[PDB]
């Protein structure tokens, strides 16, 4: 199954992932209630997720989407936060765990901003926070998030709630675009687990300002 390769802090690949993560911290409307109060992370390690079977499923789907999208799979690197990160790195993303109540329905959701994904690391609205101290703004406990290859293909642009079970006809993803009366930041949604690969596993802490 899955093998985790350690990236060295001196390598360009580690430094690239960390800078995407650190540079995309945004101020959130909840004033940090969900993800905590911070302006920076302390990155503990960065591992590359290797899984032959998961990679094969992802690459086959990229070929199918490409055939339906003028020979482009339209891949983006995006963040994902979830309390089920262990299941994802071993079994892959799974749309069967997605439920229809989400803003864009039963999809798998990603963000270009790491601080958005940091809000979901411990669950719904940050849940009860870290397992040891029950603190959503814990500065001690190691959190984990993924920085994923996401196959978007033909994206359907959406501004308001649209509870879908699958991608809209003739499309492969939904992009929830920001709007004055809606989202502050874009969110990217897929409806098939094989349209995302959990490429990097980031272990980190949020830092006290």
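Numbering follows the first chain given and starts at 1. Take the two forms, superpose them, and find the largest set of C-alpha atoms that agree within 1.5 Å; that set is the rigid core.
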With the rigid core as the fit reference, the stretch showing the greater C-alpha departure in 6 other deposited structures of this protein, 157-165 or 27-35, is 157-165
Which of the two stretches, 142-150 or 170-178, moves more in 6 other deposited structures of this protein when the core is held fixed, judged by C-alpha RMS distance?
170-178
One third of the other compared structures is the cut-off here: is residue 100 left unmodelled in that many or more?
yes
For the higher mean C-alpha B factor in the entry, choose 6-14 or 197-205.
6-14
Do the C-alpha atoms of 121-129 or of 102-110 have the higher average B factor in the entry?
121-129
Tell me which of 176, 168, 32, 153 tops the list for C-alpha B factor in the record.
32
Take the CA temperature factors straight from the PDB entry and tell me which of 49, 180, 148, 145 peaks.
180
Residue 83, C-alpha B-factor rank within chain (lowest, middle or highest third)
highest
Quick one: classify residue 45 as lowest, middle or highest third of the chain based on its Cα B-factor.
middle
Ordered by C-alpha B-factor within the chain, which third holds residue 116? Give me lowest, middle or highest, please.
lowest
Please say which third, lowest, middle or highest, residue 163 falls into when its CA temperature factor is compared across its chain.
middle
In terms of the chain's CA B-factor thirds, is residue 96 lowest, middle or highest?
lowest
